[PDB]
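Student: Provided hereafter are the protein sequence and its experimental coordinates.
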Amino acid sequence: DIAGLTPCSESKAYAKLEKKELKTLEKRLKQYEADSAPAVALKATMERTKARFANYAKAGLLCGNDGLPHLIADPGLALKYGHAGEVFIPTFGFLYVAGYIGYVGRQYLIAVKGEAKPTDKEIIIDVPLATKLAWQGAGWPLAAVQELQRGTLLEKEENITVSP
Amino acid sequence: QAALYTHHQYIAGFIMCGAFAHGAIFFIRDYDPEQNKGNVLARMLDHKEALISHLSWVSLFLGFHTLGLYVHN
Amino acid sequence: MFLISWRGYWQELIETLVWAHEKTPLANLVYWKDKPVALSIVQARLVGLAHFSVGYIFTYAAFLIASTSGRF
Amino acid sequence: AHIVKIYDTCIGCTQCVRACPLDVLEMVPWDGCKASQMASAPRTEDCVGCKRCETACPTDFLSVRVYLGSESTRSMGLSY
Amino acid sequence: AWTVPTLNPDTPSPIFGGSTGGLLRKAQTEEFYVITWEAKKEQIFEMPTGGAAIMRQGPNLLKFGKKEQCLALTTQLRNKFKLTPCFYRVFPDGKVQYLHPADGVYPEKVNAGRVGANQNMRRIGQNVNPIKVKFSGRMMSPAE
Amino acid sequence: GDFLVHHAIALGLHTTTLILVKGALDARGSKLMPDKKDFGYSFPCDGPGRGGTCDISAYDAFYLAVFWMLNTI
Amino acid sequence: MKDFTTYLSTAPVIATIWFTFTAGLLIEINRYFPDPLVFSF
Amino acid sequence: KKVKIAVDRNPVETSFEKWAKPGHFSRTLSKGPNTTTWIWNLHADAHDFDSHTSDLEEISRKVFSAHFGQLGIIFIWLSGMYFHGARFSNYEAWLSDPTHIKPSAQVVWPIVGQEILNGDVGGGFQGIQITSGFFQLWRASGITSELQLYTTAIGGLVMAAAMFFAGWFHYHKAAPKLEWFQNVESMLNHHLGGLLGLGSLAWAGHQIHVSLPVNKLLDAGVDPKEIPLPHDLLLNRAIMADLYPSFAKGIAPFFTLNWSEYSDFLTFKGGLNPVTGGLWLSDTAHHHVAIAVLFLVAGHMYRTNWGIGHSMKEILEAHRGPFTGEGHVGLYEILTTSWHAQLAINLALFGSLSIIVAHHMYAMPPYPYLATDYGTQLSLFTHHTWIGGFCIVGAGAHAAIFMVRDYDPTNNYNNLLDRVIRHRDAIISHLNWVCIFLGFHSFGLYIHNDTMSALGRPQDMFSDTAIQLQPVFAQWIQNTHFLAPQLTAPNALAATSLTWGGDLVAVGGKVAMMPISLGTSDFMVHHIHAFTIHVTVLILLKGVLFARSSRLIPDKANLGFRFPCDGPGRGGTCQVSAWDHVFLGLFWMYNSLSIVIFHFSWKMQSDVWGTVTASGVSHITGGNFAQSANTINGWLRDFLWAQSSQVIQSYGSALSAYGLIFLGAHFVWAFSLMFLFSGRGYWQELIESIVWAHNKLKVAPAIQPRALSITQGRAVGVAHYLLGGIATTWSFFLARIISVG
Ligand code: CLA
Ligand code: CLA
Ligand code: CLA
Ligand code: CLA
Ligand SMILES: CC1=C(/C=C/C(C)=C/C=C/C(C)=C/C=C/C=C(C)/C=C/C=C(C)/C=C/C2=C(C)CCCC2(C)C)C(C)(C)CCC1
Ligand SMILES: CC1=C(/C=C/C(C)=C\C=C\C(C)=C\C=C\C=C(C)/C=C/C=C(C)/C=C/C2=C(C)CCCC2(C)C)C(C)(C)CCC1
Ligand SMILES: CC1=C(C/C=C(\C)CCC[C@H](C)CCC[C@H](C)CCCC(C)C)C(=O)c2ccccc2C1=O
Ligand code: SF4
Ligand code: SF4
């Protein structure tokens, strides 16, 4: 109960929706022989379904009046009430990989600018240079702040403009 | 209530796009750089690429993640 | 039609219509004062945007008024 | 009629005249480039404004420049 | 040597069965444009109005409604056939006007004596702002 | 749903201002057409040259913003 | 086969190998770790 | 020998060295990128072989081996459909009950919840219900086991490898010379004789010896593992004489010309098999026998190496009259020296074939248990009409490519083509008139019915209970084709289809086919079709005839087939090329064929399809086509709104992917309107403003970002428009008809 909400292990619409999905799977299962190949896949779907409900109720997700889990996207209401794995932990688990790709592509461009003709190594990617920059880009925030402290991250007004 | 809200919201949308339309007519017909040496109206054109690129970033982020969460649901 | 089709298809169509009018018997008597050309490029934009906006507003106005005042 | 002006960035490579579908343009003696020649627009009454001249100009920020003006029966390109 | 040739309609037309792309009432009321060329041999050329005609040996005369049709015909006669055509301008009151090679020399070659109209002795980035040309009577470009 | 649609509204507002601010600031010129102020506010194009210049004017950037405006409203 | 390895290093071939790699990594993850809505432990 | 094999040994060395160099085919693209337009020109100019080189021999070699590439891909595709029919299907179950078991041949992997798409298709099986009709083909061929499907899938892989090896051989190792390809008389004799004639003779052999006895034992009612295998039907004449008692006489009635004794298994029944709702396979057997004899006669027409036969140049140059000048002179030399002129005619007649196939496979359903599978019927009609309409627009495109590139005024003086160019204004003006006439007198009838139904005046409408517009001519043709077994085809036991009149064939409680009444709404929709087909002809033929010149641009052929414009001048010249005309004709082919497939999907659901109880048969939509398709609001309510009520609530079921694509193709379609409405000079300046941001953070690419080309953005817009509209209608149709059909 952060903003009119309720834990999903407490709310009854969540359990009613679990029983609704298991009821649809059960009346779907009632047509087949108990050991046939469709019935095995239907019971495996039931097992994945029940494991999904158990692990959404276990992590302390907040349900609403609809019986559906919600995501508190504010630190200080996620850190204080234990919901940092909703948004606040994957908002850095994403940005590590985002700045990773943005650093690997940056360094692949800068390490191919100073050649004979760079464009041929942009349609035909130099794979050993690409995999070297793929592995050694693991510490990208480190190298990014060390590049920002120089001023070698930005370029000055050598850039191309029109008519200011 | 539905008619009045939708009425004044489309009136406001057309008037707000025409605000920028006549703001674009200003820079062609009325703007003088030698009369506007260094003011806010010239610094606006000076970093116009930063303005358009940051609006492009905000729009591209909002569309990527709004459409992504809707298609996900 | 004003948005996807652009002017130059239509000028080539209007030239064949000018041919058909200026070679038809007894319609040669009737002649224009303004030479028929297709709508210009900026004009094609404005006409397509005008029909787009008028159809947009009339569709949603009919839907809004009927959808609210039908059940209420 | 359309406004066809040229500018002194002309290198005299006479490509606008060959690109012109209406003989608006022609090459005039001049002493501002190596080719000793510059274009001219004496016949802008016949111009339609199709801008083939400034698809063919090699100089960065084109030396020929067509400004779409009033439209007569020759500027609209009419056989009728 | 060369001084402004004249025209007679006595010169034949190339053999052409007639298309629907020919002249209109603009030819009879406003103007129509005639083209002449001397051909060396009888050969087939594409009409700018659609269709193929065969030109005959000697002088030819063919009439169009646009200057672009006549200059397109000169463009394919000078390139594919290496001929030297010239087209004129005929008004319905019989007044004829020499239009193509004014000085005899084709316009992509310097004749040393034609005058440079519509030239700006300045760079195109050095145009004034439109605020400086405002209220010039009519609406006006900064290139003037 | 109101989270998602307020971010849809923010997408629409930022994209409509992207089109309108880009039309107002590039109204005087761009790298594709450095003398756009010489042609005025409303003009078709600058021809097929330089890659093609369909919808290059500031009028034609108001124009594309009316669609995103009607979308937003 | 040096020319074959330069063909293998072109843009669409690297694109269709790397996208199958990053597809069939996330697909094996969502097989062995079903339904990750929230960062658990 | 004038007609002889003539090749060149080892013309092109097989090496991966040119795979390393993209753009090797083009003189301009071989220098590499400097600009992102390069990589779109790489894929756009990839198969335009006529612009790579000028040697017609090299062009013909490239297009002859590219056809082996397409054939290898089709054999991979067919072999995959046989393999997915073998290993992932309920076809074994479907053969025992082909009325309550849905045909399924695609199973998904249970990962992200997509295993809900493995629906309960029946027969102890879960998968996606297919609608491509392969199971009805396989029953009509006499398959009866997934072993035969697996082995013909292996044969399809072998034949795909044969096709790929063949293209490699006939391009790299032993490639044919130019005057090999120019033997069109030999190509027509071999294709009418060997492809069409011997192929239908061979399918006649398979139908006589394999599919007639197997399907007769199926229709009598025998388990498929109890049926003799077809090699036991070849070897044992006693089983075939038990099934058809004239196999005891052998091939003696064929050579004594006592062919009437073969009337046990070559029939002229007509109508439908009432056991299964398909055509009689004895009737299709005699069909392919007669087709085989006809095309083997037709393939001995043209002169190749002996003095007998016709030569097509002498056929063309003889057919000339007083009205048409020199007649067909010169058409042989342009249909032998131009591949685009061939591809125009072939795409035209082949896309007409697809539509004739689509109309001839609903009314005369040729497969067992095809007609009561309503989903297969709807998807086959829709599929083949779309393939036909695309091929007709490609005909209109490649005719104009011939006009721009390969047309020569020297070879064409006062023939048919020159005289058509010289009255193109009359052609396009009269077609403009008839399009405007058809538009008013077809769509204004719908606007009139809208207005009268809205103004409270239903008596003043155009309907059956109002001002009637009866299709007297089509009704008269229906009467004559229903009375054709009386005196104009006296050896027909029934009419050639059930649409002409009579009773209904009912299979499994569902109507296979019943007679189709043609009323006022049928009149109005057939004139909507005539209108939209004439407008598509107007646009495509205006692009062909004005491909080289017009009064607007007299030198359009120097600008090319695919050019954006000739600038803003002379009023504006946007979209003046022939490419832009086939661009605009693609929208009208979409417009026409969407109404064609809507008229099918609502005429069949209203007046043909539905369950029968032998108690006054109740159709699917209750019989509201003639009663409610008078108005645009009737097509809105009772067709789009009413029948979208199964694609919109398909979530949480096996049809839910159709619920997703119906949204997604609503996306892509509207996404196309970003490309169709906007223009390049916007996006190039937006790319400048973000190239600045990539310059500021040192991440500007060396291949410089450009906006899409004008005729590229038009191509992207029309491609996304067609995809998003056709896939919307795809998902709508299939989610409707799998559920309620
Ligand atoms: C206080 C309000 C106001 C004022 C005084 C002006 C004044 C001006 N504007 Mg501006 N403008 C405004 C609001 C305003 N605008 C708004 C709100 C918008 C956004 C829609 C615009 C968008 C705009 C553009 C894009 C342009 C102008 C231009 C102009 C100038 C010329 C006017 C003109 O072309 O008239 C003539 C106007 C018309 C003939 C209007 C066309 C008809 C429209 C499309 C309505 C059609 C709807 C239809 C009738 C509905 C019927 C339905 C049917 C079924 C019954 C003038 C200085 C132009 C300019 O300066 O040129 C350089 C120019 O290019 N304005
Ligand atoms: C449904 C139609 C539609 C859609 C989706 C868009 C989308 C967009 N427009 Mg708009 N636009 C439209 C119609 C549409 N427009 C119309 C009708 C017009 C009038 C011509 C315009 C005029 C217009 C202008 C003038 C501008 C935009 C801009 C934008 C962008 C805004 C940034 C954003 O939201 O990025 C989010 C991206 C998306 C929502 C689409 C991406 C879809 C997915 C995520 C991509 C990947 C899917 C998948 C992997 C691909 C597989 C393909 C294949 C392999 C099978 C975005 C690309 C602006 C822009 O460029 O901003 C930078 C801009 O300046 N548009
Ligand atoms: C009776 C002989 C015969 C037969 C059956 C064919 C059959 C075919 N020809 Mg063809 N052709 C022939 C003689 C023959 N040709 C002659 C004599 C010439 C020279 C004048 C040509 C010149 C020619 C050209 C230029 C082209 C064709 C093409 C085609 C294919 C059309 C596509 C189709 O319907 O796929 C139907 C598919 C099948 C029938 C699958 C069965 C495949 C069989 C086994 C191969 C075809 C029979 C083959 C000719 C026998 C030779 C065996 C080989 C070992 C020598 C088709 C396979 C086109 C094509 O697609 O090329 C690949 C094409 O571009 N033909
Ligand atoms: C619903 C949208 C719509 C409509 C009505 C039209 C209408 C038309 N298109 Mg068109 N088009 C459209 C969308 C549309 N288009 C789109 C989206 C594209 C994009 C690719 C095109 C591309 C296109 C091309 C490329 C061509 C056409 C052509 C035509 C004309 C053929 C029909 C005709 O003459 O019949 C008569 C007119 C109608 C059926 C329109 C409705 C009139 C109703 C029935 C009655 C009249 C109203 C009544 C008198 C009341 C008047 C009230 C008073 C106050 C004025 C017509 C002007 C063709 C053409 O002009 O040549 C013939 C042509 O070549 N269009
Ligand atoms: C929190 C709050 C508050 C506050 C509020 C505020 C502060 C607001 C503000 C707001 C704002 C602050 C707004 C603004 C807006 C703006 C706008 C809307 C603008 C626009 C612009 C434009 C449109 C432009 C135009 C132009 C151009 C284009 C360029 C140049 C020229 C011109 C200028 C014309 C209070 C406490 C009171 C209360 C409670 C709540
Ligand atoms: C994951 C991802 C994402 C997202 C994405 C999205 C958002 C998408 C969407 C999309 C949409 C929003 C829509 C779509 C749609 C699609 C479609 C729609 C497709 C289609 C295809 C096809 C292939 C088709 C086919 C067909 C049919 C079915 C019909 C007719 C026939 C044919 C064959 C043509 C992100 C960015 C986050 C990141 C990266 C990745
Ligand atoms: C949006 C739009 C553009 C902009 C579209 C740009 C130019 C292309 C869109 C991006 C393409 C898809 C390239 C992005 C993918 C690259 C290949 C990089 C791939 C990186 C990884 C995914 C491998 C136009 O250029 C245009 C031109 C004419 C009329 C309308 C429009 C138009 O509407
Ligand atoms: S403009 Fe370009 S082409 Fe015309 S003259 Fe100057 S340089 Fe030669
Ligand atoms: S194509 Fe570009 S340039 Fe040519 S006319 Fe259309 S808009 Fe103007």
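Tutor: Happy to help now that I have it. Residues are numbered from 1 along each chain as shown, chains lettered A, B, ... in the order given. Ligands and ions are numbered 1, 2, ... in the order given.

Student: Go through stretch E:66-79 and flag the buried ones.
Tutor: Within stretch E:66-79, the residues scored as buried using 16 or more other Cβ atoms under 10 Å in any protein chain shown are E:66-77. Using the backbone N, CA and C atoms, a C-beta is placed for each residue, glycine as well.

Student: Reformat those residues as JSON lines; add distance to ligand 2.
Tutor: Formatted as JSON lines, the buried residues of stretch E:66-79 follow (distance: Cβ to the nearest ligand atom, whole Å):
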{"residue": "E:66", "distance to ligand 2": "35"}
{"residue": "E:67", "distance to ligand 2": "37"}
{"residue": "E:68", "distance to ligand 2": "33"}
{"residue": "E:69", "distance to ligand 2": "36"}
{"residue": "E:70", "distance to ligand 2": "40"}
{"residue": "E:71", "distance to ligand 2": "37"}
{"residue": "E:72", "distance to ligand 2": "35"}
{"residue": "E:73", "distance to ligand 2": "41"}
{"residue": "E:74", "distance to ligand 2": "42"}
{"residue": "E:75", "distance to ligand 2": "38"}
{"residue": "E:76", "distance to ligand 2": "39"}
{"residue": "E:77", "distance to ligand 2": "44"}
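
Student: Now residue A:159. Its backbone dihedrals?
Tutor: Main-chain dihedrals, residue A:159, degrees, to the nearest 10: phi -70, psi 170.

Student: Is it correct that it is in contact with residue H:698?
Tutor: No - Residue A:159 is beyond contact range of residue H:698, at 10.1 Å (criterion: Cβ atoms under 8 Å).

Student: picking that back up, show only the entries of the buried residues of stretch E:66-79 found in strands.
Tutor: With DSSP state E as the criterion, strands contain none of the buried residues of stretch E:66-79.

Student: Between those residues, which sits nearest residue C:42?
Tutor: Nearest to residue C:42 among the buried residues of stretch E:66-79: residue E:68, at 23.1 Å, using Cβ to Cβ.

Student: Max pairwise distance over the buried residues of stretch E:66-79: which two?
Tutor: The widest separation within these (Cβ to Cβ) is 16.4 Å, between E:66 and E:77.

Student: near chain G, which residues of chain H show up?
Tutor: Contact residues, chain H versus chain G (Cβ under 8 Å from any Cβ of the partner chain): H:15-17, H:19-20, H:22, H:39, H:111-112.

Student: OK, contacts around whichever residue of chain D sits closest to ligand 6?
Tutor: Nearest residue of chain D to ligand 6: residue D:55, at 37.0 Å (Cβ to the nearest ligand atom). Residue D:55 makes contact with D:19, F:47-49, H:567 under the criterion Cβ atoms under 8 Å, 6 or more residues apart in numbering or on different chains.

Student: so which strand or helix has it?
Tutor: In this assignment (DSSP states H and E), residue D:55 forms part of helix D:53-56.

Student: Centre-most residue in chain B?
Tutor: Here the mean C-alpha position of chain B is nearest to the C-alpha of residue B:20 (Cα atoms, centre = their mean), at a distance of 6.9 Å.

Student: To which secondary structure element is that one assigned?
Tutor: Counting by DSSP H and E, residue B:20 is part of helix B:2-25.

Student: Centre of the chain to that helix, how far?
Tutor: Mean C-alpha position of helix B:2-25 versus that of the full chain (Cα atoms, centre = their mean, to the nearest Å) differs by 13 Å.

Student: any idea which helix or strand comes after that helix?
Tutor: helix B:40-46.

Student: Report the distance from the helix or strand just after that following helix to the chain centre.
Tutor: Heading C-terminal from helix B:40-46, the first helix or strand you meet, by DSSP H and E, is helix B:48-72. With Cα atoms, centre = their mean as the basis, helix B:48-72 stands 14 Å off its chain's centre.

Student: List phi and psi for the residue in chain D that chain B sits nearest to.
Tutor: As assessed by Cβ to the nearest Cβ, chain B sits closest to residue D:67 within chain D, at 14.1 Å. Backbone torsions for residue D:67, taken as degrees, to the nearest 10, come to phi -120, psi 120.

Student: Which residue does chain A have closest to ligand 9?
Tutor: residue A:162 (20.6 Å).

Student: swap in chain D?
Tutor: residue D:51 (7.8 Å).

Student: Nearest residue to that residue in space, ignoring adjacent ones along the chain?
Tutor: residue F:47 (3.3 Å; Cβ to Cβ, 6 or more residues apart in numbering or on different chains).

Student: From ligand 2, how far off is that neighbour?
Tutor: Residue F:47 sits 21 Å away from ligand 2, going by Cβ to the nearest ligand atom, to the nearest Å.

Student: That residue: what secondary structure?
Tutor: Using DSSP: H, G, I helix; E, B strand; the rest coil, the secondary structure recorded for residue F:47 is coil.

Student: Tell me which residues touch it, please.
Tutor: Going by Cβ under 8 Å, 6+ apart, residue F:47 touches D:50-52, D:54-55, D:66, F:53, H:565, H:567-568.

Student: Equivalent analysis for residue A:119, please.
Tutor: Contacts of residue A:119 by Cβ under 8 Å, 6+ apart are H:32-34, H:702-703.

Student: Closest approach to ligand 1 from chain B, which residue is it?
Tutor: Across chain B, no residue is closer to ligand 1 than residue B:18, which sits at 2.3 Å (Cβ to the nearest ligand atom).

Student: swap in chain G?
Tutor: Closest point on chain G to ligand 1, by Cβ to the nearest ligand atom, is residue G:11, at 41.6 Å.
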